[PDB]
Amino acid sequence: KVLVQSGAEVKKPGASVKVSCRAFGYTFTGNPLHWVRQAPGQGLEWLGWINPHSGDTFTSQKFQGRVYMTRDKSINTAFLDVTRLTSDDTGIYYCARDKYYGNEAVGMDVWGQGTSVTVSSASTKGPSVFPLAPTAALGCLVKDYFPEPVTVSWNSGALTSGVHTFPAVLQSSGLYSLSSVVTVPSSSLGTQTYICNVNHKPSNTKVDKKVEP
Amino acid sequence: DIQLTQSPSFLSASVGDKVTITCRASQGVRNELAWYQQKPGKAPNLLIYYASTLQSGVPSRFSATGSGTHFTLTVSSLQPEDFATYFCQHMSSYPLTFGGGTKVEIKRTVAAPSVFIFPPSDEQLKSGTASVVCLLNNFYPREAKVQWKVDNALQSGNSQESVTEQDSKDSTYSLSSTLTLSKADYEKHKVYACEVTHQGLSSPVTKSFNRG
Amino acid sequence: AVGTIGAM
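Residues numbered from 1 in each chain as written, not as in the entry; some residues may be left out. Chains lettered and ligands numbered in written order. Heavy atoms only, no water. Residues with missing side-chain atoms left out of burial classes, pairs and counts.

Listed as the method for this PDB entry is X-ray crystallography; the listed resolution is 2.70 Å.

Draft legend 1. Region of interest: the overall build of chain B. The helix and strand inventory of chain B stands at two helices and 18 strands. Compactness check: chain B gives a C-alpha radius of gyration of 23 Å against a globular reference of 17 Å for 212 residues, more than 25% above the reference. For the C-alpha atoms alone, the extent of chain B along its principal axes is close to 65 × 35 × 25 Å. (Helix = DSSP H or I, 4+ residues; strand = E, 2+ residues; numbered from the N terminus. Rg over C-alpha atoms; globule rule 2.2 N^0.38 Å.)

Draft legend 2. Examining the interface of chain A and chain C more closely. Facing the 16 residues of chain A at the interface are eight residues of chain C. When chain A packs against chain C, the two sides together hide about 900 Å² of surface, and 60% of this comes from carbon and sulfur. Connecting chain A to chain C are zero salt bridges. Across the contact surface, chain A and chain C share six residue pairs in polar contact. Of all the secondary-structure elements, those providing two or more residues to the side of chain A that touches chain C are β5 (44-50) and β6 (57-59) of chain A. For the side of chain A that touches chain C, a count of residues per class yields seven nonpolar, seven polar and two charged. (Contact = heavy atoms within 4.5 Å. Buried area = accessible area lost by both parts, 1.4 Å probe. Salt bridge = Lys/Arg side-chain N within 4 Å of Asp/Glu carboxyl O. Polar contact = N/O pair within 3.5 Å; in protein donor to acceptor, adjacent residues only side chain to side chain. Nonpolar A, V, L, I, M, F, W, Y, C, P; charged D, E, K, R; others polar.)

Draft legend 3. Structural context of the domain arrangement of chain B. All names here are of chain B. Segmenting chain B into domains produces domain 1 (4-106) and domain 2 (114-209). When each unit is reduced to the centre of its C-alpha atoms, the spacing between domain 1 and domain 2 is 37 Å. Interface of domain 1 and domain 2: buried area, both sides summed, is about 470 Å²; carbon and sulfur atoms make up 37% of it. Of all residues in domain 1, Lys 103, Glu 105 and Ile 106 bury the most surface against domain 2, accounting for 77% of the area lost on that side. At the junction of domain 1 with domain 2, the criterion picks out zero salt bridges. Linking domain 1 to domain 2 there are four residue pairs in polar contact. In terms of residues, the side of domain 1 that touches domain 2 owes the most to one element, strand β11 (residues 102-106), which gives three residues. (Domains from an automatic or database assignment.)

Draft legend 4. Broad picture of the interface of chain A and chain B. If you look at the interface, chain A gives 40 residues, while chain B gives 40 residues. The set of elements that each furnish at least two residues to the side of chain A that touches chain B consists of β4 (33-38), β5, β10 (108-111), β12 (128-132), β13 (137-145), β14 (163-165), β15 (169-170) and β16 (176-183) of chain A. Split into classes, the residues belonging to the side of chain A that touches chain B amount to 24 nonpolar, 13 polar and three charged.

Draft legend 5. Just the state of the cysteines, in detail. Residues and elements named next belong to chain B. Under the definition given, this model contains four disulfides over all chains. The disulfide bridge from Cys 134 ends at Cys 194, spanning 2.0 Å between sulfur atoms. Across the S-S bond linking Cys 134 and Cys 194, the dihedral sits near -90°, which makes this disulfide left-handed. One end of the pair, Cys 134, is in strand β13 (residues 129-139); the other, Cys 194, is in strand β17 (residues 192-197), with 60 residues separating them in the sequence. For the residue pair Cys 134 and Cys 194, the accessibility class agrees, reading buried in each case. (Disulfide = S-S within 2.5 Å. Buried < 20%, exposed > 50% of the residue type's maximum accessible area, 1.4 Å probe, protein only.)

Draft legend 6. How the structure looks around empty space enclosed by the protein. If you add up the space inside the largest cavity, you get close to 150 Å³. For the largest cavity, the lining is made up of 16 residues, of which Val 169, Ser 177 and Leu 178 of chain A together with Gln 160 and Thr 178 of chain B are closest to its centre. Contributing elements (two or more residues each) for the lining of the largest cavity: β13 and β16 of chain A together with β15 (159-163) and β16 (173-182) of chain B. Of the residues assigned to the lining of the largest cavity, the class counts are five nonpolar, nine polar and two charged. Considered as a void within the structure, the second largest cavity measures approximately 60 Å³ in volume. What lines the second largest cavity is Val 19, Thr 20, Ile 21, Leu 73, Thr 74, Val 75, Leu 78, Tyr 86 and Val 104 of chain B. (1 Å grid on protein atoms, 1.4 Å probe; cavity = no way out; pocket = protein on both sides within 12 Å on 5 of 7 lines; lining within 4 Å. Points joined across faces, edges and corners; volume = space filled by probe spheres on them.)

Draft legend 7. Local environment of the sheet that holds strand β7 (residues 62-67) of chain B. Residue and element names in this part refer to chain B. Spatially, the four strands line up as an open sheet ordered β1-β3-β8-β7, and their pairing is antiparallel. In this open sheet, the two strands that pair with only one neighbour each are β1 (4-7) and β7. Shown here is a sheet whose adjacent strand axes are inclined to one another by a mean of 15°, direction ignored. Note that β7 and strand β8 (residues 70-75) share six bridges and pair antiparallel. The partner of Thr 65 across the bridge, within β8, is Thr 72. (Pairing = 2+ DSSP bridges. Axes fitted to C-alpha atoms, helices over the stretch in contact; angles between N-to-C directions.)

Draft legend 8. Quick peek at the environment of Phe 98 of chain B. Counting through the fold element by element, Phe 98 of chain B comes out in strand β10 (residues 97-98). Separated by 83 residues in the primary sequence, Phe 98 of chain B and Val 15 of chain B have C-alpha atoms spaced 27 Å apart. With residues near it in sequence (within four places) discarded, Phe 98 of chain B still touches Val 36, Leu 44, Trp 46 and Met 108 of chain A together with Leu 4, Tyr 36, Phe 87, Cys 88 and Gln 89 of chain B.

Draft legend 9. Seen up close, the packing of aromatic side chains. Counting across every chain of the model gives 15 aromatic pairs over all chains. Measuring from ring centre to ring centre gives 5.9 Å for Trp 111 of chain A and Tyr 36 of chain B, while their planes differ by 80°; the resulting arrangement is edge-to-face. Here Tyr 36 of chain B lies in strand β4 (residues 33-38) and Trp 111 of chain A lies in strand β10, a pairing that spans two chains. Residue class for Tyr 36 of chain B comes out buried when judged on its relative accessible area of 0%. Each ring, one from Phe 62 of chain B and one from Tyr 86 of chain B, has its centre 6.5 Å from the other, and the planes form 40°; the classification is tilted. (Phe/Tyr/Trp six-rings, centres within 6.5 Å; stacked < 30°, edge-to-face > 60°.)

What follows is the structure, given as structure tokens:
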């Protein structure tokens with residue numbers, strides 16, 4: 001039925017992360033659990049799988065001695081320990097149940113929402129918000145923040161049509177920066193007030209920049 | 001290991017088209033193969049296992065076949081929901097391996113980008129850095145090439161691009177380019193141009209602003 | 001297919 005994973009994690013190089021994964025709606029000890037990761041923009045990489053009933057594991061050879069699968073049956077939760085992290089481990093980590101028909105791998109049936117793991121030396125930085133004043137297009141510039149993510153929204157969620165919030169880009173400073181833009185009627189820019197909201201939750205930074213001509 | 005090659009990697013097709021994806025296995029994987037569909041932002045979803053058996057809840061338009069080292073997945077008539085990235089996976093030996101993926105994109109009519117330039121904000125300029133932003137809005141297909149000219153001089157230095165995913169309603173793309181300079185460098189010049197090249201532009205379009 | 005982690 002459902003696999004629920006723990007929240008996003010930000011770690012410095014050489015540190016360790018412990019992702020957790022809890023099972024709902026089926027017998028936790030009736031199916032193997034796979035662990036699969038995906039680097040930003042890339043394909044899928046198998047890490048290993050675990051027999052939750054016995055705790056037996058096979059860890060993918062590339063990660064043996066560095067990645068550890070465990071489980072706590074009393075709370076239907078599986079654990080993945082990734083140690084000695086480098087930037088090559090940044091990405092989203094999924095747990096996935098196998099159908100396991102015939103006591104044998106068949107296919108990954110149920111997936112968790114995924115856990116984001118960022119490996120970087122950068123320190124937590126609140127974003128700077130700058131107006132991108134002017135068929136009428138305006139926007140907000142969210143610059144020099146760490147870590148991901150930030151949420152934008154325009155006029156507290158009312159304005160939603162011609163909105164384009166771009167994927168953040170990682171600069172050489174190790175910091176992120178993105179832009180959110182909207183296309184508005186060629187002229188409503190004297191009556192209508194446009195305010196982009198910016199929520200950088202890791203920094204407790206909320207900013208409402210009024211974009212005026 | 002044991003690699004899976006997916007062909008093609010990128011595919012454009014319009015709604016209602018019949019399309020076929022190919023997975024080739026470096027070694028024999030008798031029948032023990034699965035197909036997944038992943039949309040941006042989600043975990044993958046299982047479509048096919050045993051190389052040809054549909055997973056519960058998968059619409060009948062999906063079908064797949066394959067023997068040993070050659071596998072194919074087919075959609076009889078594409079739908080808006082079917083546009084995503086597809087992965088094959090084998091489970092014949094350790095480690096389990098996925099294919100590189102096939103991104104299936106909506107084919108639509110050629111649309112040219114609407115170009116807008118934004119001079120830096122005074123608050124940013126007071127902070128010591130200047131970012132000039134060029135926006136290419138709602139275009140198709142996906143290359144767009146942007147060129148920056150400060151004082152008519154080609155700026156093959158440092159600038160960044162960022163592309164959205166294909167729009168759910170338009171099936172178009174959007175792009176923002178960001179040229180970053182110092183306050184002293186921004187104030188030492190006057191013109192700032194943004195030259196946009198695209199299939200929908202018979203001649204590249206230029207958008208510039210003065211001051212700074 | 002692979003199934004070394006046991007039976008369930």
